[PDB]
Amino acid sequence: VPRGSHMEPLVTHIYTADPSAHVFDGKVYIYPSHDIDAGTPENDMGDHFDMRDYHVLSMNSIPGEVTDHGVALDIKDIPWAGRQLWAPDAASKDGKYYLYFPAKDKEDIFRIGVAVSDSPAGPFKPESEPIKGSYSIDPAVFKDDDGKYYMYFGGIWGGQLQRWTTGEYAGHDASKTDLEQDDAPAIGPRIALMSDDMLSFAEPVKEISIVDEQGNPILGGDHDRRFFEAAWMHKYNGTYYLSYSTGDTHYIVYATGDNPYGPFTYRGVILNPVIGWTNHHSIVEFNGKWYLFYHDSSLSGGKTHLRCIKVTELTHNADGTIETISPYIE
């Protein structure tokens, strides 16, 4: 039956999270995490998220019937992976489709890998090693209008971004949160231009600067505004929109800039807090309307690690500002 009419769960037969929505072949393809009831210890390192595979979803219309294409990738077939298949994304180039996914390697260090298919629905063959120079979590691979592709990535706390300041992993006894200097600039998300073949980075990884309306860096103590995880990039009216989750304050927020690398100026809230601790989203244009894909823990009765994806219309104003969505009002 058709789904996505009144902020209802898009699917209920499996738990889904962290939706990355794209328009490929005139359809909406969604690349979410596949939540399972692993029953592992819940803690601020995210051990309760013990996902093991990905399913690709698709819709021909919103609202519309949602197709589950089966298992697109299974952790048992990813040679380098140890555990934890977290928030993925996909990209399309020259008739090939690439699934980008964060997972811990056998040394328990998050890296980002790629898997390749001839179809947006998968299934995908994983590369035997993760992307050289990748680390941490939550990739978003953005195709700019000029044909260049960029990976945005990173997540603090359990996403380990705070352990990568030197370009090498600081170890499992390093910070469990952030820099632990609340008056220094907050940690920024990462960006790299993708190689022509989409399997590697074409440059050294850069950090993105996020600033307030005065041009001052967002500080580490500013948990309402500072980057936590779930980076996403979209463009509107020639402006670049970096949106992301603030984690412990439970917002999706956005910041605007004039190029892929920023800096980005914090503008405001995209999505207020949902049921369940995590908040993770994507923003996509389909048939001339903009949509916010997101999740909550409503279907599971509030279990942090058993989420369901939802969608609602997102409204840009002509001046580039976006109307804040509150999830349970209409």
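We number the residues from 1 along the sequence you see.
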Assert higher mean C-alpha B factor (240-248 or 205-213, deposited values) equals 205-213
Between the two ranges 5-13 and 305-313, the one averaging a larger CA B factor in the entry
5-13
Member of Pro32, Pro273, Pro63, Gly268 with the greatest C-alpha B factor (per the PDB record):
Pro63
Determine which member of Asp44, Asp296, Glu285, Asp53 has the highest CA B-factor, using the values in the deposited entry.
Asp44
Based on the deposited C-alpha B factors for this chain, I'd like to know if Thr165 is in the lowest, middle or highest third.
highest
CA B-factor ranking of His281, expressed as a third of its chain:
lowest
Thinking about Cα B factors across the chain, which third does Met194 belong to?
middle
Taking the entry's C-alpha B-factors for this chain, is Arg226 in the lowest, middle or highest third?
lowest
Please place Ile75 in the lowest, middle or highest third of its chain by C-alpha B factor as given in the entry.
highest
